[PDB]
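> pasting the first bit of my complex, frame unchanged:
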Amino acid sequence: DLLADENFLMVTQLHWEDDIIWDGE
Amino acid sequence: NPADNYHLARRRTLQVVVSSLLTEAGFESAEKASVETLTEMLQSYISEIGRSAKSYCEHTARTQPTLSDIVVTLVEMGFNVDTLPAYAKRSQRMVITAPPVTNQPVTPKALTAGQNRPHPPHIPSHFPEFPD
Amino acid sequence: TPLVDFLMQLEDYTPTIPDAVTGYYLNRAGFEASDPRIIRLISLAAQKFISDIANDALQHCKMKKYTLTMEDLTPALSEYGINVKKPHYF
Amino acid sequence: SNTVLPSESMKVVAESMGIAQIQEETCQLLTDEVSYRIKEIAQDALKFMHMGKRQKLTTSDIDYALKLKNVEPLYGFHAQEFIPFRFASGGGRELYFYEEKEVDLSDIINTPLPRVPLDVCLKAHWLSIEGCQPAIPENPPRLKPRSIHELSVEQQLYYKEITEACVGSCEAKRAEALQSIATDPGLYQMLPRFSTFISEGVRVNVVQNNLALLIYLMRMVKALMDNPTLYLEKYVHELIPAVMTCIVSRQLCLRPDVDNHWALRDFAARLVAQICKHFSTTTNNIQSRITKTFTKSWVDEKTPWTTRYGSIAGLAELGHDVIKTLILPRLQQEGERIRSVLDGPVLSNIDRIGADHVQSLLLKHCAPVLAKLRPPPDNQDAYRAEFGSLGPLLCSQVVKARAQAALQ
């Protein structure tokens, strides 16, 4: 179950909002 | 499935025509078996009349059947065509819409203008151009 | 010839069955649609055959309304000499 | 193998005929003979199918076998004279076990007749070119030496041309690029470069708003998602932040002039975001996180109105129930927000523009939800609960939904 390719997929392990710059310095 | 629809579109229109005939001076809420048998017999009857007239036309060496071929086929089935004009006179006659064509503009697809590369001598020019 | 005169007058009065539907069945039979009036005459004959069966069934329906059933069809069909078969499988 | 129909069924057939006390051996004799005839017809039908090459088979193939057997092909009727109906196939009866066996003629008239297909046409495509099958839609598909990129240089040039068309400078070029992406199997493997190009364009677009350019980037995203050959899920992680930022981005350009584009940009973003959640759906992988981001923006006080409108549009798209459940607790808060923007003598502030967009989306979504919960009633009472945020228009929207239900 833990060995599924979907489990290791980047989308599952990444937070999308943090990645966006959102014009922030 | 389009292939079943091609046969179904005319057959459903025939069922609507049978339903229209029953509504005037006929019956309502008819058995499902009765409608299916009536349409099947009507389809067989139309096919048989066309086949017999075509067989008579082939016997007379004519590609298309004349009215004389059609009436002789009706005489074999004892249709009594003389009563048919009186049937037309009755006001029970109704109008049923013809089935619409699937494509109003036929084929409007332009695909893609990706055709490229030279055409070899062995392949004729009229044949389609090489794939992208 | 009354039928020939009737065919000439059959240019108007489109039949209850659509000509295109009748033509499609005729094309399956191998008969090309040479004359539209001829298609209308064949369509009228087909309507007359169905109407006659319905009229015979209606007389039986009065005896046993305004409902058509396979049981009502069998006596009318018996006069024709054509025997209907009940499915008995559904 | 050899299979025979049950003897008891043969006895029932005799009972319907009225025959009684039939011999048990006679019941066995009837079943063995009937089974052989059914098998013989099935073999005869197979011969017609093999010459036809249909494989699936066509109606009346058994009827052709019956004509070959010199037995009447009619099913469900027989003519004793045999003159009205001959060996021409009856065509069978369209009857099923599921069928009720009782129908109304008027109901059949109500049902619309189907449309008719065009006659068979002949089209030529290249199965193989010089012994190599083309990838087309009609077809099924100690210095070391310097490393070379896996993608062909011509394919990279083709990717560059598609991206230039996708910028949206020419509408025809953008439409052609979208069609090319959808119909090209070879485009697969260029998806990481395409995804990076969209992300680079989106991040620059965040710094200075380019709503028209953003819509063109969304069109490219839709074209990539539709194509089957590429693996959208593998590169989906890059795509999801880019779509989210576009929906919540503040508008640098004047709000009234670009308002129509802004509504279209949010609508395009919400549709792609739900489609991304649909792709590779897994528990708490995409839908839960995106719903959380939309809810957190809406709940926060003094949220930017463009951000609030984007979050509201996303929440409505994910589920019809999700908007309905969320609106009822915040209904008083939504009314307060409209009053707050209304207060003051200046219409220049964007807060009023943001509020009108949020309220319009809420009203249209509310009318079907209200109809689904119950038949519309007490419209004046509903307006009092809204504190006349839309006043008569909200009641009119509920009436319009009732009229649509009556039409359907």
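Thanks, I have the structure now. Numbering: from 1, shown residues only, chains lettered A, B, ... in the order given.
> Return the nearest residue of chain C with respect to chain A.
Closest to chain A within chain C is residue C:90: 46.4 Å, counting by CB to the nearest CB. Just so you know, the C-beta spots here come from the backbone N, C-alpha and C atoms, and that holds for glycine as well.
> who touches that residue in this structure?
By CB atoms under 8 Å, 6 or more residues apart in numbering or on different chains, residue C:90 lies in contact with D:95, D:96, D:97, D:99, D:101.
> if we go to 6 Å?
If you count contacts by CB atoms under 6 Å, 6 or more residues apart in numbering or on different chains, residue C:90 has them with residue D:97.
> Okay, and it sits in which element?
Using DSSP states H and E, residue C:90 maps to neither a helix nor a strand.
> do residue D:78 as well
strand D:77-79.
> how close does residue B:81 get to residue C:43?
Distance of residue B:81 to residue C:43, computed by CB to CB, to the nearest Å: 14 Å.
> Establish whether the helix or strand following the strand holding residue D:78 and chain C are in contact.
Using DSSP H and E, the helix or strand that follows strand D:77-79 in sequence is helix D:105-110. No: counting by CB under 6 Å from any CB of the partner chain, chain C is not contacted by helix D:105-110; separation bottoms out at 8.5 Å.
> How about the residues of chain B by chain D?
Within chain B, the positions near chain D by CB under 6 Å from any CB are B:2, B:5-6, B:8-9, B:12-13, B:15-16, B:19, B:22, B:29-30, B:32, B:36-37, B:40-41, B:43-44, B:47-48, B:51, B:76-77, B:99-103, B:112, B:128, B:131.
> Just the ones in strands from those, please.
Judged by DSSP state E, strands contain none of the residues of chain B next to chain D.
> Got a quick ChimeraX command for the buried subset of those residues?
Restricted to buried positions by 16 or more other CB atoms under 10 Å in any protein chain shown, the ChimeraX selection for these reads:
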select /B:6,8,9,12,13,15,16,19,22,30,32,36,37,40,41,43,44,47,48,51,77,99,131
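> what's the spacing between the residue of chain C closest to chain A and residue C:67?
Distance from residue C:90 to residue C:67, counting by CB to CB: 20 Å.
> So which of residue B:81 and residue C:43 has more stuff around it?
Shown here are residue B:81 and residue C:43; by other CB atoms under 10 Å in any protein chain shown, residue C:43 has more neighbours (24 against 17).
> Now do the contacts for the more buried one.
Listed by CB under 6 Å, 6+ apart, the contact set of residue C:43 reads C:15, C:17, C:22.
> ranking these by neighbours, who comes first?
Of all the contacts of residue C:43, the highest neighbour tally under other CB under 10 Å goes to residue C:17, namely 29 neighbours.
> That residue against residue B:17, yeah?
Yes: Residue C:17 is within contact range of residue B:17, at 5.0 Å (criterion: CB atoms under 6 Å).
> Report the closest residue of chain B relative to chain A.
Chain A sits closest to residue B:112 of chain B, with a gap of 31.8 Å, by CB to the nearest CB.
> State the next helix or strand along the chain beyond the strand or helix carrying residue D:224.
In this assignment (DSSP H and E), residue D:224 forms part of helix D:211-226. Where DSSP H and E defines the elements, the next helix or strand beyond helix D:211-226 is helix D:232-248.
> please slot chain E in as well:
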Amino acid sequence: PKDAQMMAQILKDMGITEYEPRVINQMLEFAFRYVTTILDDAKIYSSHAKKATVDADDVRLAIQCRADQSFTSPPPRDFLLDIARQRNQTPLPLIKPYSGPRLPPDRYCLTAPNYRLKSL
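Alright, chain E goes in next:
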């Protein structure tokens, strides 16, 4: 129905996995039609022999009489060989060099003026 389940079993035994749903229904109708016609002939034979209950001899008499009219059967190979050898004996005819299009007599041909009713 139980009869339908047995009919499906026959198809599985045949190995025809792919078939029309209507094919099962039509075969059931054929099976009922085939058994009834033999039984109807047999009961008439029982009336001829004055026996109230139908017996195997009447059913066998019904099967042979029904089969001959119902199935003409493919022509026998020995009969085909005899007609074939007689046809083979006839020599092939020579072809005239410029006679014209090669066709059988126009009575056999479907070529004709093909007059049709005048339209008015």
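> mind redoing the contacts of residue C:90 now chain E's in there?
Residue C:90 makes contacts with residue D:97, as judged by CB under 6 Å, 6+ apart.
> again, only this time at 10 Å
By CB atoms under 10 Å, 6 or more residues apart in numbering or on different chains, the contact set of residue C:90 is B:32-33, D:95-101, E:1, E:4, E:25, E:28.
> Against residue D:99, how distant is it?
Going from residue C:90 to residue D:99 by CB to CB gives 6 Å.
> buried sites along the helix or strand containing residue D:326?
Under the criterion of DSSP H and E, residue D:326 resides in helix D:320-342. Neighbour counts over helix D:320-342 (16+ other CB under 10 Å) mark D:322, D:323, D:324, D:326, D:327, D:331, D:334, D:335, D:337, D:338, D:341 as buried.
> One more: stretch C:31-38?
The neighbour-count check on stretch C:31-38 (16+ other CB under 10 Å) flags C:31, C:33, C:35, C:37, C:38 as buried.
> got the angle for the helix holding residue D:224 vs helix D:232-248?
160 degrees (axes from the mean of the first three to the mean of the last three CA atoms, to 10 degrees).
> Who are the packing partners of helix D:211-226?
On a contact count with 3 or more CB pairs under 10 Å, 6 or more residues apart in numbering or on different chains; DSSP states H and E, helix D:211-226 meets helix D:153-166, helix D:171-183, helix D:191-207, helix D:232-248, helix D:259-278.
> Just give me how far stretch D:206-220 sits from the chain centre.
Offset of stretch D:206-220 from its chain centre (CA atoms, centre = their mean, to the nearest Å): 25 Å.
> Kindly export that stretch (C-alpha atoms) in CSV.
Below are the C-alpha coordinates for stretch D:206-220, written out as CSV (Å, rounded to 0.1, in the frame of the first residue of the first chain):
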residue,chain,number,x,y,z
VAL,D,206,1.5,37.7,-11.2
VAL,D,207,4.1,40.6,-11.0
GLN,D,208,2.1,42.7,-13.6
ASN,D,209,-1.5,41.5,-14.2
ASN,D,210,-2.0,40.2,-17.8
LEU,D,211,-5.6,38.8,-17.7
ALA,D,212,-5.8,38.4,-21.5
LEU,D,213,-2.4,36.6,-21.5
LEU,D,214,-3.5,34.5,-18.5
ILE,D,215,-6.7,33.3,-20.4
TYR,D,216,-4.4,32.3,-23.4
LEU,D,217,-2.2,30.3,-20.9
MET,D,218,-5.3,28.5,-19.6
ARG,D,219,-6.3,27.6,-23.2
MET,D,220,-2.8,26.0,-23.6
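> As a check, name the ranges of all helices in chain E.
Using DSSP state H, the helices found in chain E span residues E:2-14, E:21-48, E:56-70, E:77-89.
> would you list those helices in TSV and tack on mean neighbour count and distance to chain D?
Listed next are these as TSV, based on neighbours: other CB atoms under 10 Å in any protein chain shown; distance: least, CB to the nearest CB, whole Å:
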stretch	mean neighbour count	distance to chain D
helix E:2-14	15	4
helix E:21-48	19	5
helix E:56-70	16	5
helix E:77-89	9	17
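> So for chain A, which of those sits nearest?
helix E:2-14 (37.3 Å).
> if we can go back for a sec, can you list residues touching both of residue C:90 and residue D:99?
Joint contacts of residue C:90 and residue D:99 (CB under 10 Å, 6+ apart) are B:32, B:33.
> Kind regards, and thank you for your time.
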